[PDB]
Amino acid sequence: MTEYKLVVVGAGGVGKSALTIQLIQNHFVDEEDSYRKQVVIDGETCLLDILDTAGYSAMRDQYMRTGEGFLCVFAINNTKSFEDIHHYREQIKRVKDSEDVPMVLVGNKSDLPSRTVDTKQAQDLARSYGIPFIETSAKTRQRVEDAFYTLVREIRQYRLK
Ligand SMILES: N[C@H]1CC[C@@H](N2CCCCCN3/C(=N/S(=O)(=O)c4cnc(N5CCNCC5)c(c4)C2=O)Sc2c(Cl)ccc(O)c23)CC1
Ligand SMILES: Nc1nc2c(ncn2[C@@H]2O[C@H](COP(=O)(O)OP(=O)(O)NP(=O)(O)O)[C@@H](O)[C@H]2O)c(=O)[nH]1
Ligand SMILES: [Co+2]
Ligand SMILES: [Co+2]
Ligand SMILES: [Mg+2]
């Protein structure tokens with residue numbers, strides 16, 4: 001049965017853990033580990049192996065080398081987290097020595113009114129990076145499945161390249 005190593009990266013407090021737990025338990029966390037889940041996507045069965053990282057170059061480099069797909073998460077109310085997406089993507093590409101790595105840009109906290117990053121701005125960036133963009137709320141569970149499953153789909157597209 002096919003396994004996919006997924007890695008959730010992004011600045012402190014963007015909601016990496018809340019997103020991962022929302023997929024695993026369907027519950028929103030309140031006041032660093034790996035998770036497993038078997039899912040059917042497009043009629044193929046697979047095992048999702050997800051590493052929830054925190055916002056040591058050797059440890060970092062190991063997960064970026066091991067990871068097959070990366071959810072690059074920013075929060076729509078934190079411009080710095082959005083700007084730092086450059087940094088995560090650059091580090092991944094350097095480690096994997098490839099311009100093409102399955103990735104999905106996720107703008108989390110879509111339920112918040114204090115928005116500092118416009119959907120259009122993140123869409124344009126993702127288009128520049130050649131990766132899907134999805135806005136999520138870990139709070140409401142809006143597009144959480146969508147983000148992880150789009151990522152798996154990207155890994156499969158890549159594997160057929
Ligand atoms: N939960 C405790 C035991 C596992 C610890 N841990 C994180 C879980 C590692 C799970 C296996 N793994 C990996 N193992 S690892 O390369 O040796 C590794 C990478 N980062 C880890 N951490 C903890 C340190 N800070 C970064 C995340 C740990 C292990 C690392 O020492 S990589 C990896 C990827 Cl890319 C996807 C899915 C994975 O399951 C995966 C966390 C403390
Ligand atoms: N309103 C709202 N709050 C969220 C959302 N996702 C996470 N949060 C909140 O954001 C804060 C940080 O969430 P957490 O999941 O721990 O983020 P993290 O990115 O995993 N943090 P770290 O880098 O330290 O590991 C918490 O208060 C959490 O409840 C969301 O979609 N909406
Ligand atoms: Co609870
Ligand atoms: Co740079
Ligand atoms: Mg966390």
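These numbers come from the heavy atoms of this one structure, side chains and all, not from hydrogens, waters or symmetry mates. This chain uses plain numbering: 1 for the first residue, then up along the sequence. We count ligands from 1, going down the list as the structure has it; atoms in each ligand are counted the same way.
The single protein non-hydrogen atom nearest to atom 14 (P) of ligand 2 is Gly15 CA, 3.7 Å, given as residue, atom name and distance. The protein non-hydrogen atom at the shortest distance from atom 1 (N) of ligand 2 is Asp111 OD2, 3.0 Å. Annotation: atom 15 (O) of ligand 2 to nearest protein heavy atom, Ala18 N, 2.9 Å. Protein heavy atom in closest approach to atom 9 (C) of ligand 2: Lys109 NZ, 4.0 Å. Looking only at protein heavy atoms, the nearest one to atom 6 (N) of ligand 2 is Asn108 ND2, 3.2 Å. For atom 29 (O) of ligand 2, the closest non-hydrogen atom of the protein is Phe28 CZ, 3.6 Å. Of all protein heavy atoms, the one closest to atom 23 (O) of ligand 2 is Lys16 NZ, 2.8 Å. The protein non-hydrogen atom at the shortest distance from atom 31 (O) of ligand 2 is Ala138 N, 2.9 Å.
Residues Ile131 and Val7 are members of one and the same hydrophobic cluster, defined by side-chain heavy-atom contacts under 4.5 angstrom among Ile, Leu, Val, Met, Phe, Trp and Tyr.
Counting protein heavy atoms under 4.0 angstrom from atom 26 (C) of ligand 2 gives zero.
For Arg127 and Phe133, the positive end is not near the middle of the six-membered ring at less than 6.0 Å and at most 45° from its axis.
Looking at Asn77 and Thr116, their side chains never bring a donor and an acceptor atom within 3.5 Å of each other.
With a heavy-atom cut-off of 4.0 Å, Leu112 touches ligand 2 through its side chain alone.
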